[PDB]
Every structure is written in structure tokens, then in C-alpha cells.
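To start, the structure itself, in C-alpha cells.
Note: ideal-geometry Cβ built from the backbone for every residue, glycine included; neighbour counts use all protein chains shown. The numbers here are math on the coordinates, done by the rules we state, and not lab data.
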Amino acid sequence: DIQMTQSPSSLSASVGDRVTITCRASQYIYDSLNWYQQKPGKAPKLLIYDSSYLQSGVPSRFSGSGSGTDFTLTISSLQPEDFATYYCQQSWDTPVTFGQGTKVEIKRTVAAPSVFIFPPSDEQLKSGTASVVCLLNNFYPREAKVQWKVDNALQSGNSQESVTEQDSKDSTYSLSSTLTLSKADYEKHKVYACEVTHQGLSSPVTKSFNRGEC
Amino acid sequence: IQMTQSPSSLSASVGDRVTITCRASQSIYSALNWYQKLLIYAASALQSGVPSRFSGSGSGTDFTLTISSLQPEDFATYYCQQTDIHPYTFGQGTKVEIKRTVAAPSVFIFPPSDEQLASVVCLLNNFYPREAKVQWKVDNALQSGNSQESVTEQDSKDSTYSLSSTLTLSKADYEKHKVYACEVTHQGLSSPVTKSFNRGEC
Amino acid sequence: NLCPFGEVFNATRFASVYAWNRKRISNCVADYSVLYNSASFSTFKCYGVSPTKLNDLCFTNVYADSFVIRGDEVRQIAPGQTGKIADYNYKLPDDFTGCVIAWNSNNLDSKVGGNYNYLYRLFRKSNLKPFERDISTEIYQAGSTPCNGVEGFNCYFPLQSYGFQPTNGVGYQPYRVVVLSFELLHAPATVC
Amino acid sequence: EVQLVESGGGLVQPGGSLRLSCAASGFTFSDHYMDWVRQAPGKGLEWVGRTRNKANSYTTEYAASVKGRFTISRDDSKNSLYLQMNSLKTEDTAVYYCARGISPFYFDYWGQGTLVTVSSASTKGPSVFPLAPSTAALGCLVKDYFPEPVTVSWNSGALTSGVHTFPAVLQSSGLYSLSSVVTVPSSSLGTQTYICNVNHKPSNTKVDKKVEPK
Amino acid sequence: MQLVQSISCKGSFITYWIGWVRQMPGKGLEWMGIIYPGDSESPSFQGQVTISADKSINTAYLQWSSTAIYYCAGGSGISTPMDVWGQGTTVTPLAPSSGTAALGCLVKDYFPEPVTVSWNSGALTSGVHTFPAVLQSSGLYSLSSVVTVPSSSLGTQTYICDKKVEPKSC
Ligand SMILES: *[C@@H]1O[C@H](CO[C@@H]2O[C@@H](C)[C@@H](O)[C@@H](O)[C@@H]2O)[C@@H](O[C@@H]2O[C@H](CO)[C@@H](O)[C@H](O)[C@H]2NC(C)=O)[C@H](O)[C@H]1NC(C)=O
Ligand SMILES: [Cl-]
């Protein structure tokens, strides 16, 4: 089987910049190499087939060069609607192998995250667990630290965080930290707080509530 | 033999597949040329130096024309002909124009100079599509014959059109009314737009 | 014996597409490593089978079809194409089983003055059947007036020549093509 | 239009068989080559196998990962492609797209895909708690559901502005959780009515939950 | 090979036929007639014009005794029709409203059309739209040329298309 290595795996690009992703192959696959773009949770779309041919409907800022073992996709003036994984694909021989993909992220100006904390619903409590949600909404870059503090101590191992995909309006992220614990354990402490660290924030922001008190 | 060629109107962006059909007054087998410069001859044969994007398919009294991905320079109007028998009468004509989003027109009304006194000119700048009607209303009174509009070739830059009404009146007729309105009917505006001035004002 | 693919690929002289050459490779052992282990080639597309497995497969007859065409014509040498070359010169069957190998021939088949020794059939009154050849130089009539083999208005000589000056863009440049075709006939396989 | 729709995906136990169908409209199914391509969650594109077109019999190639256990099949009458998977593994968990080419060397169109989930774990519908607002963020907690996926809308499809549905996280337990949050203008909270619509098809759970300030 | 036109057509393998293509204002291709120079031999132009030739100079002619461009076409080959032609023979004060205004020059009652103009001695071309001439009820024509400019420039700079165009500014 023919191995295909894309370069780079991950790549950050300002709007209108000229980005280049390279596919390299374990052997000569001549001009038998296609490129697809995959936007998250959607089927791939064929951009380019047979090295150099752009598909009908594809925007002409997409271009294929290359031969033998080295191919490269080109977005000239990378515009909005371009955050995707970009996949090279050889058809020369079976088996029909792909490249590992390259995740392209857009560059942007720093944007500080707006921070909201949410005590558990009374409803959930009567089920017998408490989940405390912490939301860091619309910030850049992705990198961010969320520390839980319960009765003024660092809490570890009862919290899951999740990141949204980059949003094609404004190229910003949202993040969630959810501290989930037994109702019993939830009632043993008074002060729940969410402490947030970021490039955008001059100093770490903390949002909190005292259990019981609106 | 007398040629057809359809349509006269086509709107399309760069790269689009294009299809045009030219009919035949009497069977000329495949002795049909396609011009833009000679492009395609004998129904499907390609004149040297013409890009392979262009392709045509036809025989007897029926033919077509195809362009794979419209390049900017290909925007124009193309005419067929018969090489069967003399005289070699060409076709009617067919023209292709770039598709851009609906653009409402900027309407401007220039009043007449002491020099001319009477010619009162109306302007619709930088619009798509080509279709736009320019009614002249002198004191609520619709004018017919005395008016003369003239449009641009699709703008080199932003591929929009621009239109130049020119209402012509006897000085005394001009002096008879105060109103000089220009009601513009176009896709780019929800309902008609009036631009107006009053003689002996500012 | 060792199997005469050299002759076909390293031939000084290449046939014109309308007059395309065909060679029957038989009672030989075929290396094939010699092909996909090359960088010369622009295109090496196999339809039946797999380029890497061909040396571990055995066949009743194999044929090598050699010709020269324009760069932007190579995509016509495939199952399911329409166009001058696929229509009036070389047609592959829908069920084609074999490899289309081509490569840029600017060095050899392009003359500084211009080489017009390479011709293609511009006109035909029906498409070729797969693997059919046609050398007719009969004047093609698309006019109402039938030519009496006398070329003139709507009386075109059917063969036309390629402009191959070496500074033509790669689309218009010359490429040599070799189509290998593998037949599994009822008889004993004589070439693996 | 050109339409490929995949089906049969869902929860299946290790060692059990499932079979997916690809239903094809808007083209000469016989003419085109049709392949299956899979993608385990947050991983790359993996070719499963091919059926050639009617002109080439309908002859088949498999990737080695699925050889001997998967079978590709065609019904031209019903215009549908089939993948029959037998001695299933945890690693067969993935989205299964079918791809067609009018050429055997690239894929023009792809389906939206069918999700196959291969675990010992067991189906359970979520529970839905409100994240009341104290711009004003509010949201819904979708807690403890298996398997993927769940969908969330706002005010029965209406509300899509400033909404974030976070990727689900897998607890130690083997259940999934996520929240969906909406950034709303402060003033609109008094007049505008806020309801999240949560659908979990695998358990056949549908919940509409109203979110109001405490 | 090429054909150079003047009312005659000459050019220089040398073409074996010469026909005639006329172009009325806003019209498609119209074929005049034929005269093969060697042999020196339309039913709608027949006895509207006379079609002559001179082989010696490789010249073909279109003559009258009683408005358009005249194009002569020949062939570089006996096979290929309508291949190369000639170049052709042609025989025939608004003031801004008181951040973008517009102003121009009305050119009226002129014949024979055509009217060619420029702005501020060719120095200003950014906004300019020069319309085609029209033939009016009168049988003469009226043509207007315009330009959008920054409202800022109005009441500061002057404009000369030669007509001095400025705000009337009562
Ligand atoms: C067809 O020719 C290639 C190229 O051949 C070489 O260069 C020629 C100018 C001539 O000098 C030949 O003798 C050379 O062989 C052959 O591929 C080469 O094979 C040789 C072994 O003889 C090997 O040294 C080279 O590395 C190979 N490739 C090169 C030089 O690019 C091929 O064997 C010939 N026959 C075919 C196509 O099977
Ligand atoms: Cl940016």
C-alpha cells in the first residue's frame, strides 16, 4: 500500500493569505492524486482530480500542482467559508489510500471570552446529581485554562471541558467546563467558582455563586 | 439559405457550461461556420489558435455551441453562417453577459443650462441587470418621443450598466411647468424612485 | 525471452494517432517493474487491474498501442471519452482492461521550425469502434455539393496536422502514449 | 439532483453483523463506480472498498482492514449499494459514506453518511436541565445519553443566532453529555420566549424544555 | 497572409477568392458578394453595387455610382472557408446637484456621428461613463458624458471636458 504524508498537519492563516498544503507519496503515483475539503460533520467535497483539474462549481481560488511523489493544493486569497480538513487521495493502485489530512485554522485578532457560570437546575438536584456549567463565549485564540475552585480550593477530576468548532461568522471559539458531582458532595461546599485565563484578559476572570443564593 | 441563431440574451459567471443553438433555413449538411474571428467551422472543427473550451455539435439543418468554463474574455455575441451556397448569409446574432448580484441604481437629475435656453438629463449609475425603464414627468405629465436613453457596454471593472435619459423640450414648453421628475422602474428598487428639480430654484 | 517493451517505449519513430501502431507481445516474461518505477511518465492509469500486481498476473495476449497526441488530448485515451481523438482516431472499449501510459514528447516530436509530420483525423461520418484503425484519405464532404475526390469549399482532406513548436504551452505540446491491453482468451496464458 | 442517501447505521454489539445501504438517485447507477469510505469520530478518511461499473461486470476490491468480513453488493433495480459487515470490532465504529465516480480515479459525489457504533454499552435517552440566565447567555444541559448522536434546536427551529451546541463528552460511565447555549441581548429576555428542542433518535427520546430566569 | 483595406481590398500562398462583409450601425454580419481574382468572375445587393478586381496588385474592389464598415474575406487554403479578413472600411452643460455627486457635458445636435470626448485634458478617468451617440426625432443626435466625484471636490476643484462645469450655487 501507498502511504501519503500531508504537510502541514495543522496550519493557521489570515483571511486573504496564500496557503499551500503538500501531499507526498511513498512511490510514484504519476498524476493519480485528488484533493477533498471536509468541513466538520459534513461529507467531503472533491476540489481537484488528477493533479490539476478543478471540479465544476469549486471556487477558482483552489488549484492543484504536482507530479510523481509531490503534490500541493493552493488557496490564493483564502476567503471566508474555508475552515476544513483538506485531504489528498491517490487512485493509482488499490488499495485506495488517503493522506492523514491537514487541519487549517484562520488567524484573527485576540478576542477575550465573555464568562458565564450557571448553578445546577433545582430539577437535576431532585434526580440526585448537580452539574455546574461554565461558559467562555466567543474568544480567540482557542488556548484557554479553566480552573474550578470549591470552598476556595483547586478541585480536580470531576470536570469535563468541550470546545466548539471555529465559527465562520467571526472565526471565534466557545468552550464549556462542567463540574459534575453527587448532590450529597455538592451540598458539602458553599463557594463554587470558575477561574478563566486567556491572552485577551489582562488578569484571570473568576465568576462564582454561593450555593443556595440567587 | 436564411439562418436563425437563438437566444440574444444569456447571463452567466466565469467557468459556467454554455449552450447556444443556430437553426438552418434549408439543409446545408455540415457547412456551418461559428464566429465570435472564426471559432468553429463545419459544425465541430476548431480554427487553429481557438481554445479547446469551445465545442459544437450539428448536422443537416440543426447545430449547437458549447463552452466548458467561461473565461472573462469569452464574454461577447456569436453569429453562425452557411458555407453551402452563395450568397454566404450570416446569422441574426447572440450575446453573453456576466451574472452579478442585483445592484440598485443611483438616480441623478441634471437641469438645463442658460446656454441651451431646453435639455434636462437623467442618470442611473452603476446597476444590474440591464433592464430598467426611465419615465419623464413634467408637472405630472408623461412625455413620449421627446425623450432619448443610451446605455453603456458592461463596465470593464464591476460589470454593471449605466443609463443616460435625455428629455428634449421647446424653451417656452419648459417655462410652462415647474416640475422636472425622473421616475425609475428597476429590479434593484422595491417600488419606482423619482428624482426631480424645480425651474428657478436651488 | 525478456519481453520487448524497450522497442515500444524507446522507439525513435512514433506513429500518428490516426495510423496508430499495435504490437503483439507474446511468448515472453514481462518485467513491468520497469514501467511504474519510472519518473519520465506523466500518466500511468490502469483500468482492468493494478500496476503493482501485473507482474504476479498471467494473460493470453497483450497488445501495445503507440501514438502521439496533444497534452490536453491524453484524457481522451480512457474508457468513456468523446472528442476528435476518442471519436475519429483511437477508441478504448467501455470495459477496457489495461494501462494508459503517456509522457511529454517536446524534446523529440517538436521542431524549432515546427514539426507537422504528426496528423489526426479531423472528420468522420461515424465514430470508430473500439480498437478500430482508419487510414482513409478520402475527401470528407460536409457541403451540399458532393466533391468528386476534389478538395475545396466543404471538401476537406480529413487528416490535419499538429503545430509542435517546442515553446507551445504544455496543453499544445506533444506526448507519446502507450496503451497496454490484457486479454484473458480461453487459450493458455503465454505472458505473465 | 445527484443524491446518495446511506442507511442502517446504529448501535451493534462487538461480533454482531450489520448491513448498510446506499440509495442512489439522479444518474445512471450502472454507469458510475460506487465505493464505501469510512471515518471513525475525529480521525481521517479510510477506504472500505469499491464496486466497478456495469461495463466492468461490477467487480470488487476491499481494504485489508475489512477483507474477509465485509462484502460489497449491488441491486441495479432498486438503484442502491450495500455493505454487509459481520464479525464487527470496536474499530468499525465510524461514519460510512458511499462515494460515486464516473471515473474509477476520483469521487465526484458523497453521501451524508451512516453512523455505525460498535460497543457492549447500552442505549439510554438523555435528561434535559435548563441553564437559566442570571448580553445574557442561557442554555440547556443534555445529560447521560448513549449512543451518539443528539440534535438541539432553539424555539422549534426559529432561533439560530449566537447558539453553540458543544461536542458531546464520554463519561467514565459510558454516557455522553453536552450543553447548548445562546447569547441573547439583555432586554429581549423579558419579551422573547426561550425553549430548546432536544431529539435522541437512537433511544426515540424527544424533549422540548422552556428556559426562564430564576 | 493578411488583407489591408482602404474603396478597395488588397492582401498577401495568396487567397483564391475575395467576398465582401458590410456592418450597418448595431447590426449582424452582412455578405455583399464574391469575385475570384484569377477567374475575375447576393440577389439583395445585385444592382445596388458593382464588384470588380485587379489580380496584378492582388486587389478586389466594391464600387458605387449611387453608412457602414466594408470587410473583405479570403482563404489561406482551398479547403478552409472564412479564415482571415481585412481590418474593415468605415464609410458614413450639466452641473452637480446642490458622499458622491455627479456632473458631465451634454453634446447635442451633431452629424455625422461619432462624438469622442475626454475629461480635464485626459487627466481624470475614475468614475467617467461616455454614452454612445443617438439619432433624435430631428434626425440629428444628442450625446451626454458624466462623472461621479467626491462631494468634497464640489465647490473646491473646477472641471473642463471645452465646457467649464461647476455648481450654479445661487
Ligand atoms: C527504455 O529506456 C529506459 C531509459 O533507458 C536508458 O537511457 C537511454 C538513453 C539508453 O542509454 C538506455 O540504454 C538506458 O537504459 C530504460 O530504463 C533504464 O534502464 C536502465 C537499464 O538498462 C537503467 O540503468 C536506467 O536507470 C533505467 N531508467 C532510466 C535511465 O531512466 C528502459 O529499460 C527502456 N526499456 C523499457 C522502457 O523497458
Ligand atoms: Cl484575519
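When the residues of the stretch C:41-54 are filtered to those that are surrounded by 15 or more Cβ atoms within 10 Å (Cβ to Cβ) and over 18 Å from C:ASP95 (Cα atoms), the one that is farthest from the chain's Cα centre (by Cα) is C:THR52. Just one of the listed residues (A:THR85, A:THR74, A:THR69) is β-branched (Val, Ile, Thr), more than 16 Å from ligand 2 (Cβ to nearest atom), within 27 Å of the chain's Cα centre (by Cα) and within 30 Å of D:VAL66 (Cβ to Cβ), namely A:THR85.
Residues that are farther than 23 Å from A:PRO40 by Cα and in a strand (DSSP E or B) occur at least once in the stretch D:144-160.
Screening B:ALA118 with (1) aliphatic (A, V, I, L, M); (2) within 10 Å of another protein chain (Cβ to nearest Cβ); (3) within 30 Å of E:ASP162 (Cα to Cα) gives one miss only, at (2). Right, A:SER156: surrounded by fewer than 21 Cβ atoms within 10 Å (Cβ to Cβ), outside any strand (DSSP E or B), of a type in the set (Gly, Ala, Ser) and more than 9 Å from chain D (Cβ to nearest Cβ) or not? So A:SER156 passes the test. From the list C:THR52, C:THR82, which residue is β-branched (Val, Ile, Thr), within 14 Å of chain D (Cβ to nearest Cβ) and not in a loop (DSSP other than H, G, I, E, B)? That would be C:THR52, the only listed residue that is β-branched (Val, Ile, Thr), within 14 Å of chain D (Cβ to nearest Cβ) and not in a loop (DSSP other than H, G, I, E, B).
For C:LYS125, state whether it is more than 23 Å from B:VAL50 (Cβ to Cβ), out of contact with any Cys (no Cβ under 7 Å at 6 or more places or on another chain) and within 10 Å of chain B (Cβ to nearest Cβ). In short, yes.
Could you tell me whether A:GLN89 is more than 26 Å from C:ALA39 (Cα to Cα), within 10 Å of chain D (Cβ to nearest Cβ) and surrounded by 17 or more Cβ atoms within 10 Å (Cβ to Cβ)? No: the conditions fail for A:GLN89.
Per the conditions (1) surrounded by 15 or more Cβ atoms within 10 Å (Cβ to Cβ); (2) more than 14 Å from chain A (Cβ to nearest Cβ); (3) within 16 Å of ligand 1 (Cβ to nearest atom), the sole criterion not satisfied by C:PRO4 is (1). In the stretch A:8-15 there is no residue matching the filter, namely being in contact with a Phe, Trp or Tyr (Cβ under 6 Å, 6 or more places away or on another chain) and away from ligand 1 (no atom under 16 Å from the Cβ). Report the residue count in the stretch E:9-33 for those that are more than 14 Å from E:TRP85 (Cβ to Cβ) and more than 18 Å from the chain's Cα centre (by Cα). Of the residues in the stretch E:9-33, 5 are more than 14 Å from E:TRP85 (Cβ to Cβ) and more than 18 Å from the chain's Cα centre (by Cα). If you filter the stretch A:99-110 down to residues that are touching a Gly at 6+ places or on another chain (Cβ under 6 Å) and of a type outside the set (S, T, N, Q), you find that the one that is nearest to ligand 2 (Cβ to nearest atom) is A:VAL110.
In the set A:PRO80, A:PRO95, only one residue is at the interface with another protein chain (Cβ under 7 Å from one of its Cβ atoms) and surrounded by fewer than 21 Cβ atoms within 10 Å (Cβ to Cβ); that residue is A:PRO95. Selection over the stretch A:44-70 of residues that are within 13 Å of chain D (Cβ to nearest Cβ) and not small (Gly, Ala, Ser) gives a count of 11.
Of everything in the stretch A:1-49 that is within 16 Å of ligand 2 (Cβ to nearest atom) and of a type in the set (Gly, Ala, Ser), the residue that is surrounded by the fewest Cβ atoms within 10 Å (Cβ to Cβ) is A:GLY16. If you go through the stretch A:167-178 and pick out every residue that is surrounded by 17 or more Cβ atoms within 10 Å (Cβ to Cβ) and away from chain D (no Cβ under 12 Å), you end up with 1.
With respect to the conditions (1) surrounded by fewer than 19 Cβ atoms within 10 Å (Cβ to Cβ); (2) assigned to a strand (DSSP E or B), C:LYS111 lacks only one, and its number is (2).
Considering only strands (runs of 3 or more DSSP E) fully contained in the stretch E:6-110, which possess at least 1 residues that are facing chain B (nearest Cβ under 10 Å)?
Because the criterion is at least 1 residues that are facing chain B (nearest Cβ under 10 Å), the strands (runs of 3 or more DSSP E) in the stretch E:6-110 that meet it are E:19-23, E:30-34, E:68-73, E:101-110.
Just for the stretch C:20-39: of the residues that are surrounded by 13 or more Cβ atoms within 10 Å (Cβ to Cβ) and within 12 Å of chain A (Cβ to nearest Cβ), which one is farthest from ligand 2 (Cβ to nearest atom)? Per the stated criteria, the residue is C:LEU35.
Among the numbered conditions (1) within 25 Å of the chain's Cα centre (by Cα); (2) away from chain D (no Cβ under 14 Å), the only one that A:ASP151 does not meet is (1). Each residue in the stretch E:29-75 was checked for being surrounded by fewer than 16 Cβ atoms within 10 Å (Cβ to Cβ) and within 24 Å of C:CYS155 (Cα to Cα), and 4 pass. Is one or more of the residues making up the stretch C:22-44 under 28 Å from C:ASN127 (Cβ atoms), assigned to a loop (DSSP other than H, G, I, E, B) and away from ligand 1 (no atom under 15 Å from the Cβ)? Taking every residue of the stretch C:22-44 in turn, none turns out to be under 28 Å from C:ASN127 (Cβ atoms), assigned to a loop (DSSP other than H, G, I, E, B) and away from ligand 1 (no atom under 15 Å from the Cβ).
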